[PDB]
Structures are given as structure tokens and as C-alpha cells.
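Peer 1: What follows is a single structure, and I will ask about it in a moment.
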Amino acid sequence: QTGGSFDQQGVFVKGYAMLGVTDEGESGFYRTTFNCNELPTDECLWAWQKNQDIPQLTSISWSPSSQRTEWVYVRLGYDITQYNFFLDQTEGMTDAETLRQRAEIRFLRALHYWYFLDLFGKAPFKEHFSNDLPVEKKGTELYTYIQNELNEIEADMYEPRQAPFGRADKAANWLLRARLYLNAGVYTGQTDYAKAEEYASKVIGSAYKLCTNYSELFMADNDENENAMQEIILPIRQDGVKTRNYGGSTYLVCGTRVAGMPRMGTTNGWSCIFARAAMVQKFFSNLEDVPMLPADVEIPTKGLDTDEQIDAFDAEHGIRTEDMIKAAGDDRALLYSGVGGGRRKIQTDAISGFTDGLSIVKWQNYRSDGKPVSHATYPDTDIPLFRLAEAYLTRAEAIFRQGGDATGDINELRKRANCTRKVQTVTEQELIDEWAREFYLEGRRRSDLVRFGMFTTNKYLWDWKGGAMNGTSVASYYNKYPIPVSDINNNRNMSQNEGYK
Ligand SMILES: OC[C@H]1O[C@@H]2O[C@H]3[C@H](O)[C@@H](O)[C@@H](O[C@H]4[C@H](O)[C@@H](O)[C@@H](O[C@H]5[C@H](O)[C@@H](O)[C@@H](O[C@H]6[C@H](O)[C@@H](O)[C@@H](O[C@H]7[C@H](O)[C@@H](O)[C@@H](O[C@H]8[C@H](O)[C@@H](O)[C@@H](O[C@H]1[C@H](O)[C@H]2O)O[C@@H]8CO)O[C@@H]7CO)O[C@@H]6CO)O[C@@H]5CO)O[C@@H]4CO)O[C@@H]3CO
Ligand SMILES: [Ca+2]
Ligand SMILES: [Ca+2]
């Protein structure tokens, strides 16, 4: 529908909706990008390796026929066509409302192009909605286009924290540019840490502030709690009754839980996503310090049916998540090694099930204020896609790369997390580890690993990397996903990424 039937307001809203709503539950914007940036990393593992294309993503051994690569590629492209459609239909309109809408739609399109750039190093490009085949825009050109888009639309965007919650303001714009500049070395071959630092400072200097209780950023009321909202620069709205997405917060909550775990926050635990040993090591350098149930202690088959019973048993063996946090001396150590759901392992010699690694209870469907959530199954928890904390890590890394002292920005995050250990000296290792501690399971890991030259190389080997128990390297061409063979066959304008067949 166009012209008189074009529901501008409605299409505008749908533009944002594509971020959090949609099997069809496997192809959402969040799940596809999340998996491509998480499943192959040191942060987590998908427990059901029999699922199509899972071993590939898990071991960084996919090919151009990868179904999950096609899903994210096609999803990013579809979203952009919808944005191009909105921009074409509102082209020439000069009223203030439309100008703001167009600025935000261009922001969203820019965000999508970043994903193409970060994941594939290029993108099937189209500035408009039409039947013409997209043309290839790669590396530096794509990078330049995204930066220019963000630069041009800034003036029309909302002042920091003045936009209706869920919409992008100037800070979201600056944060994305800071992200682009930080990764400029990867996308253009020429770093630009000074600009990364500059834009990160603009975000830090805005009205946004850090949430004083880390866990609250990932709870059911993170859209009705100032403590959390003051830090969330761009949330993907999710609601238990109105906004459901099997690949949204439902995926982050249900997918990381299994029956028996205390405080599941949902009636359905999928037992899919769990932490790799390397993720746990981010909080415990010596994995021997990780609170664990002794191997010689049996788990009763009776008397462990309720949360209260499970907690008591975990308490006796010092394995409640609160005990995990205390031992780690870090509020972000939201892991679970308790008996709820069965005996957990930290590292496994074979990926056989959900209990082969500690559970990640970072995301929750419980309100910090204790009030009821809207649904017993689907979470109300919003996905804080953009958080002020990214500005601190981005500036810290940029400062470090430029030879400066980044202890301040790092300790700002460690202070917020009530860390017992403060950083005295910043190293590349501390930085990449802090990126994991702060943003694990938020869909960006791979990108940071590639930038640190640690995604495919021997520079950093984590458990099950490359398909080996103790980790092994893979070809460097794997730092970029391949263009789906389906698009290669349909669009002669697109060229396959180097290395792939
Ligand atoms: O550990 C569980 C499971 O986790 C993973 O799957 C999750 C998936 O990745 C998420 O996307 C989400 O899925 C939602 C889905 O997208 C929606 O479509 C909907 O699902 C509905 C189905 O479409 C609908 O058909 C029906 O499902 C019925 C099945 O069709 C039917 O076969 C039967 O299922 C039983 C299996 O036959 C049996 O083998 C056994 O399943 C085991 C699997 O073999 C094993 O691989 C693993 O499954 C993982 C999966 O691999 C991950 O990808 O554990 C299983 C043991 O529980 O038992 C099955 C149950 O009897 O019956 C079902 C139910 O009627 O119903 C659903 C609506 O519920 O909603 C999904 C969200 O619930 O979540 C899933 C986790 O469920
Ligand atoms: Ca409410
Ligand atoms: Ca919500």
C-alpha cells in the first residue's frame, strides 16, 4: 500500500518492530545476528548439536550453504528493504514529524548495514525500494556510507534521553559511530581510535548514566525502572503478552533455563544455551576457584522438587548463584552451577547436553521491584541492545590503543559491578576479557574477537573453538561469514568472500 493508503505512522512503528518481532522463530533479527556473534565464540554453546547448521556455527566450520548464515543475511536485507520503502514513500516531505521519522529509519538502516559490514565485510546494497538487483558495496565504501548516513541524520534526532522509550536518539547515533570507528581498522584497514574515543565521550557526556545494579539491566522491569533505563540507549521492546518473539528475550530467558533450576521466571526451560569453560574463566582465572558440587556428593532423586528445596541444597554446597557471585567478587558473574536441573560441568570432553557447562542466568523474567510480570511463559524483559557501558569499553580500548591509560574507564564498569579486583594496568587480554564480562550473551562477542585478532587464530584458544576440546585455530577467511550461496546464484552482482568455495 502506497500513496493515500500508505500508513506512514504504522510503517514507521513497524520499522522498529522488525528488531524485536517476527521456523519463523529462528529467523528474527535478534536471534540470527545473536547466533552468528555468539555460538562460535568463547561465551556459549548450543546444547543440541543435532540442530541443522549448529556444529558449523559452533566450530567455525560453516560454508556458503550455511542455513543460519542465509537467515541472518536475508533478514538484514529484508529489514533494509522495508526501511528503503518508508524513505521512498516519505521522500520530499519536510514536516518536522516526518524528518524525525526519516532520521530514525535511516539510523535503523545504518545499524543494519553495520551488521552486514561486520558480519560479511560487504552488503547487497540498495538506497531505494525497487525490483532492481542490489549492487555490492564493500569494505571502505560501505563503512564510509554508514558513517555519512549517521552524520547526516544526527541533527534531526532526539536529544539524549528525550525520545520516547524504544526510539533512537542522538546518543544511539554517536554510540554506533563510536562502534564503527573502533572497528575501522577491520573494515577499512586503517584504524581511527581517536574518533572512537571522541564519539564514546559524547555518549558518556550525555544524560545517560550507568545502572547501579547490573542485573537490573536484564530484568522484567527494565522498561519501568529508572536505574536501568538511564543506561539503556536503545532497547528492543519485548512484552510477555503483546510483543512475543521466540528469538527475542524469550530466547535469552527460556533458552538458558531447564526444569529444576530455581527462579526460572518461565514455565518453559529450553535448555539450549550454556557457558563454555572459557566464559566462566572470565570471572575465575583459576577454574578451580569456581564453586562446584563435589563429584562424590550424590544429587537426591527425591526432596528437590521446589525452588526452596533446591536453594537449600545449593546453599549447603555453596553453589547458589549468589554464592557464585560472592566467589567471583563480581556482580556480573550471573552463572549457575547448582543442582537444579542436574549435575553441571564447567568444561566437557564432548558436547552432549545442556548440563555440560554452567548455566547463564544473566537474563531474567523477574522485576527488580518484585511486582508481577505480564505472562507466566513469555518474558517482559527488554533487550538493551545499546548500553552506555559500551561507550566506556569502547573509549577504554581506544585510549589503550593510543598508548593512554584506560584503567579509569575499565574500573568505572568494575566499580559498578562491585568488583573486588580493580585493574591496575590495562592489557589487551584484560580488555577483551572485560568485553566478555560486561557484554556476554548480548550478541556482539565475535565482532570484538575479530577486532582483537582472536576469532580464528591461535592468539586465543577457548574450549571447543574450531571443533577441538581445548580449542584449535581455523582459516583466517572465517573472520567474515560467506555470502549465502543462494544469493550468489540469484545476484551476479555479489561476489563470494575470499577463502570460501
Ligand atoms: O530442549 C528442547 C529443544 O530446544 C530447542 O528448541 C527450541 C527452539 O530452538 C526455539 O525456537 C523454540 O521453538 C518454538 C518454535 O519455533 C515454535 O514453532 C513453537 O513450537 C511448536 C511446534 O511448531 C509444534 O509443532 C509443537 O511441537 C511438537 C513437535 O512438533 C512434536 O515433534 C513433539 O515434540 C517432541 C519430539 O518429537 C521429541 O523428539 C522430543 O524432542 C526432543 C528433541 O528431539 C531434542 O532435539 C530436544 O529439542 C530441543 C531442540 O533441539 C532445540 O532446537 O529436546 C526434546 C526433548 O524435550 O520431545 C518433544 C516433546 O514431546 O511435540 C511437540 C509439542 O507439541 O509445539 C510447539 C509449541 O510448543 O514454539 C516453540 C517454543 O515452545 O523453543 C524450542 C524449545 O521448545
Ligand atoms: Ca507495567
Ligand atoms: Ca518490556
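Counting begins at 1 with the first residue displayed.
For this deposited structure, the header notes the method as X-ray crystallography, 2.1 Å.
Heads up, the Cβ atoms here are built off N, Cα and C, so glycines get one too.
This is the feature table in Swiss-Prot:
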BINDING   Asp223, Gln238, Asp380, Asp382  Ca(2+) binding site
Peer 1: Taking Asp223, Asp380, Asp382 as the binding-site residues to compare, which has the smallest set of other Cβ atoms within 10 Å?
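Peer 2: So among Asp223, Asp380, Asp382, the binding-site residues given, the one with the fewest Cβ atoms within 10 Å is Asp223.
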Peer 1: If you take the centroid of the Cβ atoms of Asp223, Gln238, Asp380, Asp382, the listed Ca(2+) site, which other residues of that chain have their Cβ within 8 Å of it?
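Peer 2: So the additional residues around the site are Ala220, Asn222, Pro235, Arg237, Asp239, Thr243, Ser249, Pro379, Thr381, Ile383.
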Peer 1: Between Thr22 and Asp23 the chain has a hole of 14 residues; just give the Cα distance across it in whole angstrom, please.
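Peer 2: Flanking Cα atoms, separation 10 Å.
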Peer 1: Are there residues of the same chain, six or more positions away from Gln238 (Ca(2+) binding site), whose CB falls under 8 angstroms from its CB, and which are they?
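Peer 2: Spatial neighbours, sequence-distant, of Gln238 (Ca(2+) binding site): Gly20, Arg244, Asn245, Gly248, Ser249, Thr250, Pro379, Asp380, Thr381, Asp382, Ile383.
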